Amino acid sequence: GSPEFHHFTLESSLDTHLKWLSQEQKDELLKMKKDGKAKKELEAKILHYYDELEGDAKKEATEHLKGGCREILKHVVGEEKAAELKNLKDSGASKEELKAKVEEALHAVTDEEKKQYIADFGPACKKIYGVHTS
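As summarised from the PDB record, the model derives from solution NMR.

As annotated in the PDB entry, the protein carries the name ABA-1A1 REPEAT UNIT and is attributed to Ascaris suum. What the PDB entry is called, per its title line, is "The solution structure of ABA-1A saturated with oleic acid".

Okay, structure coming up:
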């Protein structure tokens, strides 16, 4: 399970979305990904690191993972819908309107590689985009 393309790699985030990771942590993810661990094992380390964070650390990471998943959403749903989601947000769409937007937007795609990210990042992105609620 290696997404060979180097566009949505964890390296691609290390100085951006995932820069809040410590070197030992980064090198941990690198070690796993390099040793042929599944991306979902990376999803699990980072989500663990995420939940174990601190005051501004968590807030910052959350915000950074948002941008990360935003770039994924830039892929899966396209500029089009990610724009509608971003504008909805700015226009005062609540966490639910984004929830009830996002679910239809990420439904209406149905392109295979994109639905990979829907399955991949979708659930975890909900805590990240923390639109989850309750």
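Draft legend 1. The packing of aromatic side chains, seen in detail. Using the criterion set out here, one finds one aromatic pair in the structure. With a centroid separation of 5.6 Å and an interplanar angle of 65 degrees, the aromatic rings of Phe8 and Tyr117 are classed as edge-to-face. Separated by 109 residues along the polypeptide, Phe8 in the segment before α1 (23-34) and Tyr117 in helix α6 (residues 112-120) bring together distant segments of the chain. Residue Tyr117 is classed as buried on the basis of its relative accessible area of 17%.

Draft legend 2. Expanded view of the pattern of salt bridges. This model, assessed by the stated rule, comprises eight salt bridges. A salt bridge links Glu28 to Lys45; the shortest N-O distance between them is 2.7 Å. Highlighted residues: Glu28 in helix α1 and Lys45 in helix α2 (residues 39-51), separated in sequence by 17 residues. Using a relative accessible area of 32% as the deciding quantity, one classes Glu28 as partly exposed. Counted as one network, the salt bridges with shared partners bring together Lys81, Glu84 and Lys101.

What counts as what
- Residues numbered from 1 in each chain as written, not as in the entry; some residues may be left out.
- Heavy atoms only, no water.
- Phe/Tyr/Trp six-rings, centres within 6.5 Å; stacked < 30°, edge-to-face > 60°.
- Helix = DSSP H or I, 4+ residues; strand = E, 2+ residues; numbered from the N terminus.
- Buried < 20%, exposed > 50% of the residue type's maximum accessible area, 1.4 Å probe, protein only.
- Salt bridge = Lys/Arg side-chain N within 4 Å of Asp/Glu carboxyl O.

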